[PDB]
**Q** 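Sharing a structure below in structure tokens format, with a few things to ask.
For this chain, numbers begin at 1 and follow the sequence in order. Because only heavy atoms are used, hydrogens play no part in the values below, and waters and symmetry mates are left out as well, while side chains stay in. Counting convention: from 1, in listed order, for ligands and their atoms alike.
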Amino acid sequence: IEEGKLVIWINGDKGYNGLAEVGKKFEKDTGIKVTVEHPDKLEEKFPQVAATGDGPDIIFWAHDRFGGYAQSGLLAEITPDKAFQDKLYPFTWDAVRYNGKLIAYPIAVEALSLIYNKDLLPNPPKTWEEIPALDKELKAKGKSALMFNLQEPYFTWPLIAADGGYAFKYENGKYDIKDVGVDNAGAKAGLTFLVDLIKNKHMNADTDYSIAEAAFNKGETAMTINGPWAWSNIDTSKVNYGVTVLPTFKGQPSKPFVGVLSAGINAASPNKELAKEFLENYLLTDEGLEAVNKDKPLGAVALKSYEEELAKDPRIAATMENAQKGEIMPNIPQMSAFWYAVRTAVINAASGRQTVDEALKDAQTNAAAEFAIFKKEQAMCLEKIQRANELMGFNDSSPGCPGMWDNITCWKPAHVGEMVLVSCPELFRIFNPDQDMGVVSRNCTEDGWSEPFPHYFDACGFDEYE
Ligand SMILES: OC[C@H]1O[C@H](O[C@H]2[C@H](O)[C@@H](O)[C@@H](O)O[C@@H]2CO)[C@H](O)[C@@H](O)[C@@H]1O
């Protein structure tokens with residue numbers, strides 16, 4: 001944003017108040033102010049606003065998004081000295097290395113665990129297969145066995161990958177974009193098992209993060225699946241909780257993705273030197289990380305000295321046990337297509353819009369082949385919005401709802417009270433050869449843009465011509 005000031009974005013689930021405390025120490029010593037914000041959907045927001053030169057100076061996200069940011073050139077190469085590099089674990093530096101260059105500072109290693117209420121379930125299940133019978137028993141006490149976020153595929157991935165699902169195949173040191181493991185026997189069985197839990201009313205398809213959290217933290221469900229950041233709210237709730245290895249599926253460990261929370265510096269920030277100093281000399285210290293960790297736990301931190309200090313925490317131990325059974329996320333630019341593909345597949349199979357076999361058949365192609373469409377359409381969208389904003393100027397107009405790219409298609413700026421129609425985008429043709437007949441709308445209201453009507457898959461994904 002502005003010279004002589006640091007703006008930082010970080011997810012609203014993380015220790016942002018803790019990070020702001022490090023910010024306050026920074027400005028006390030340097031005179032240079034630090035504002036920490038937690039925009040919704042910042043990982044997508046970032047490439048849009050950072051592409052126009054207006055991001056934060058620093059963005060925090062798991063490392064999987066950073067190769068895409070790097071490729072788009074939205075990230076400054078970082079310059080830590082040999083002394084500093086030695087203070088963090090090699091494995092965490094690898095997570096932020098892209099085409100041979102370091103593109104962010106690693107902060108902490110995250111993996112999902114099984115979090116369970118010890119009073120409801122003193123001996124938690126070792127197997128996913130045991131869960132339906134546990135739920136039946138608990139429901140007779142007005143309690144349920146398990147609730148977790150079903151809207152974000154990050155949370156369902158451990159079960160999909162358990163019996164052999166994978167994202168991109170890694171062989172001979174590189175990811176093969178064409179070899180996507182979301183549609184093999186293991187992945188199918190995993191997603192089928194999830195869909196059966198919903199069918200049998202052990203879970204509801206619409207369950208999201210805040211719903212699952214609220215249910216666990218009020219003592220209503222015996223288990224959830226969540227990361228280290230969630231432990232602080234559970235502490236506040238006084239639930240007697242344990243954090244443990246995820247259940248097995250078909251005898252195999254669940255295989256969560258491992259993320260390294262990382263901090264990248266905007267390539268357009270004028271304050272790259274200030275950004276460096278904050279990250280290297282304030283945040284990545286025992287004291288900086290303690291401040292953040294005490295707000296919302298980070299997991300296993302990248303800084304060796306502090307990771308050693310924390311290592312006996314049994315909840316971190318469980319985290320590390322689940323991470324060892326899991327796999328590091330790729331950081332390749334195509335991970336954005338992978339996550340689109342699998343989120344679509346899980347939401348569709350869970351809601352009955354597609355069968356599991358069709359959902360996954362399509363996701364395998366979409367993970368491999370959709371990124372180029374996304375990139376083309378995103379770039380065309382930014383151009384259309386620029387043109388539209390210019391014409392609003394020429395017409396003495398102002399946008400009721402701003403022009404935006406929503407990862408699927410382009411919405412021109414609109415007046416309050418105006419509906420906008422767009423053609424179904426080419427993206428949906430894999431589902432529907434007649435997607436070119438489809439139309440999707442949004443309404444520009446006093447409360448901003450409405451959600452798409454119909455929902456995108458309903459509008460665009462079912463072949464409407466037999
Ligand atoms: O569900 C897809 C989503 O998964 C990961 O995001 C995680 C993030 O890594 C965690 O730190 C925590 O914030 O929860 C997120 C899931 O809601 C990937 O990092 C992300 O790029 C992907 O879209």
**Q** Is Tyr209 close enough to touch ligand 1? Criterion: a residue heavy atom under 4.0 Å from a ligand atom.
**A**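 No, that is not the case, since the closest heavy atom of the residue is not under 4.0 Å from the ligand.
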**Q** Does only the side chain of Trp339 get under 4.0 Å from ligand 1, or the backbone, or both, or neither? Count heavy atoms.
**A** side chain
**Q** With heavy atoms of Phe155 as the reference, note each atom of ligand 1 found under 4.0 Å away.
**A** 16 (C), 17 (O)
**Q** Sort and list the pairs that fulfil side chain to side chain donor-acceptor pair (under 3.5 Å) and have at least one residue in residues 85-99, not counting sequence neighbours.
**A** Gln71-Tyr98, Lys82-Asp86, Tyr89-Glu307, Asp94-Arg97
**Q** Heavy-atom contacts with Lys14 under 4.0 Å: which atoms of ligand 1 show up? List them by number with element.
**A** 10 (C), 11 (O), 12 (C), 13 (O)
**Q** Judged by non-hydrogen atoms, does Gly259 sit under 4.0 Å from ligand 1?
**A**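 Distance cut 4.0 Å: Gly259 fails for ligand 1.
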**Q** What part of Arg343, side chain, backbone, both or neither, has a heavy atom within less than 4.0 angstrom of ligand 1?
**A**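 Neither part.
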**Q** Is it the side chain, the backbone, both or neither of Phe257 that has a heavy atom closer than 4.0 Å to ligand 1?
**A**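 Answer for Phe257: neither.
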**Q** Starting from atom 9 (O) of ligand 1, locate the nearest protein heavy atom and write down its residue, its atom name and how far away it is, to 0.1 Å.
**A**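 The closest heavy atom on the protein side is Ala62 CB, 3.3 Å.
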**Q** Tell me, please, which residues at least two apart from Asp313 pass side-chain hydrogen bond (donor to acceptor under 3.5 Å, both in side chains).
**A**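 side-chain hydrogen bond (donor to acceptor under 3.5 Å, both in side chains) list for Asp313, sorted by chain: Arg315.
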**Q** Less than 4.0 angstrom from a charged side-chain N to a carboxylate O is my criterion; do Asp135 and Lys143 meet it?
**A** no
**Q** Does ligand 1 have a heavy atom under 4.0 Å from the side chain of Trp61, from its backbone, from both, or from neither?
**A**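 Within the 4.0 Å criterion, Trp61 contacts ligand 1 through side-chain atoms alone.
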**Q** What residue and atom, counting heavy atoms only, is the protein's closest point to atom 1 (O) of ligand 1, and at what distance?
**A**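 Residue, atom and distance for the closest contact: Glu152 OE1, 2.7 Å.
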**Q** Using the ring of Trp229 (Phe, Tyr or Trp, six-membered ring only), decide whether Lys14 places NZ or CZ under 6.0 Å from its centre and within 45 degrees of its axis.
**A** yes
**Q** Examine the proximity of ligand 1 to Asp13 and report which part, side chain or backbone, both or neither, has a heavy atom under 4.0 Å away.
**A** side chain
